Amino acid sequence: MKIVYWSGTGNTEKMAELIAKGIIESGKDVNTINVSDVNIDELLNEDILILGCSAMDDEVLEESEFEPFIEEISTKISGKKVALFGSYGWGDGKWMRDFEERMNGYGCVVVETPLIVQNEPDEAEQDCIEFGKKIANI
């Protein structure tokens, strides 16, 4: 499996590692890829796309790297399964409600409720692991 993410301070990166740990604990392999090192072509062969990005600017996806990546794969992911996640700071998940609506609009099937954690995981470490286990059980 593949986990693609953008992280500015490392909070979403930490979530990605924990989600990966959950998938691995389930007996499966998975690679975590920072959005800047991703190969769209190889990524599109996956049955499930696991994508993460923290809330940026004013409740939107990060603009210089993550957003363009989503726009690029948008026309080629209809019917694909996707799981979404990310860290946030002061809002209540508006950027993620929009992200989920968007992916749905492109024809994707969002397999589980998006996992959003405030600031660094810490207390939510198990929740991240469990999210990965749910994905591996699909």
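The first residue of the sequence shown is number 1, and the count goes up from there.
Trainee: Can you let me know which of the two, 13 to 21 or 120 to 128, has the higher average C-alpha B-factor in the entry?
Mentor: Result: 120 to 128.
Trainee: So 100 to 108 or 30 to 38, which one's hotter by mean CA B-factor in the entry?
Mentor: Mean CA B-factor is higher for 30 to 38.
Trainee: Could you say whether, by C-alpha temperature factor, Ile3 belongs to the lowest, middle or highest third of its chain?
Mentor: According to the entry, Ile3 has a C-alpha B-factor in the chain's middle third.
Trainee: Split into thirds by Cα B-factor across the chain's modelled residues, where does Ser74 land: lowest, middle or highest?
Mentor: Answer is middle: the recorded C-alpha B-factor places it there.
Trainee: Of the three thirds of its chain by CA temperature factor, lowest, middle or highest, which one includes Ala55?
Mentor: Tercile = lowest for this residue's CA B-factor.
Trainee: Among the modelled residues of this chain, does the Cα B factor of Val82 put it in the lowest, middle or highest third?
Mentor: Middle third, going by the recorded CA B-factors of the chain.
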